[PDB]
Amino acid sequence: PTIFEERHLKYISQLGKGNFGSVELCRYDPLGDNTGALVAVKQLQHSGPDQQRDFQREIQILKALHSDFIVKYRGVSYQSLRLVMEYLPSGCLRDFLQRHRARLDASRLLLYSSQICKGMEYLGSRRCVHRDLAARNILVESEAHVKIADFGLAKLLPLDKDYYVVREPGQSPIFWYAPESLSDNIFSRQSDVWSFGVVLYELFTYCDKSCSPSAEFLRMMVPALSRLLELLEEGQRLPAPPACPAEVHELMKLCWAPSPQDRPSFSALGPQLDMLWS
């Protein structure tokens, strides 16, 4: 049922590529008449023991998450393990905003914000920290529906602790990380809230490259990690997006509070986003 036969997974193309893994577009087609469903299939390529263990955790995490705003686990395929997910043909939200900017207004962006928030609220209820919340990792289900994706760096909190310390820092872009993550490798639901603030910045700049998080931080900026951390600890933040409502920018600034304790929860952000302009 949730076991997918290798021989019926017809490869079409690559969707994304990583250093130790890749995501491929396939049609699972048992009948062989091209009528079967399209699926996104993740697999490791020449990985080490550490990456295989993480991949086993990722599979079980995603398998247990049930939300309308999180990409759906479909099953597995077995020498080498493969993770089968639903396929969302509209692609990631970053490319979508850039491509369809003229068609999408501020109310649509707030709809996406609300749905991402609800997904993250649900993730926090499962004691799960995403660690890589960004517009590139949000998928478009339809023009009025987005889902959080890419659980490769996701980790569950310890049962009796609200934070997690990463030993070996995974090389993802520094401009979505909270201060404590950069300084001390501390991750939590509150560090995800920081990243959500950057997602709101991404949405309301329509993921424009010229004014991206990196581009704008680099303008404000001896090492790059040490300079970014120095800048944030002085209180310097990303600017208001030009086409952003005042109240939305105020919520971004609360998401970026220096102390994790002073940042609002996704449960407190949700109603604030939904009640805007009513």
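The first residue of the sequence shown is number 1, and the count goes up from there. Between two forms, the rigid core is defined as the largest C-alpha subset superposing within 1.5 Å.
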Of 64-72 and 238-246, which departs more from this form in 4 other deposited structures of this protein by CA RMS after core fitting = 238-246
Stretch farther from the shown model on average in 4 other deposited structures of this protein, with CA RMS computed after core superposition (21-29, 253-261) | 21-29
Does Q190 have no coordinates in at least a third of the other PDB entries examined?
-> no
Missing-residue flag, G170, threshold a third of other entries = yes
Counting residues of the deposited sequence that sit between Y78 and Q79 but have no coordinates, the total is 4 to 9
Would you mind checking whether any residues of the deposited sequence sit unmodelled between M221 and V222, and how many (none, 1 to 3, 4 to 9, 10 or more)?
-> 4 to 9
Selected stretch [higher average CA B-factor]: 15-23 or 250-258 = 15-23
Could you check which stretch, 37-45 or 222-230, carries the larger mean CA temperature factor in the entry?
-> 222-230
Which is it among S195, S90, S172, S114: the one with the largest CA B-factor in the entry?
-> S172
Could you say which of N185, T205, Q190, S107 has its CA atom at the highest B factor, as listed in the PDB entry?
-> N185
Entry-reported Cα temperature factor of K209, expressed as the chain third it lands in = highest
For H145, the third of its chain by CA B-factor is the lowest
By the record's CA B-factor, is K72 among the lowest, middle or highest third of residues in the chain?
-> lowest
Lowest, middle or highest third of the chain for the C-alpha temperature factor of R103?
-> highest
Place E121 in the lowest, middle or highest third of its chain's C-alpha B-factors, as listed in the PDB entry.
-> lowest
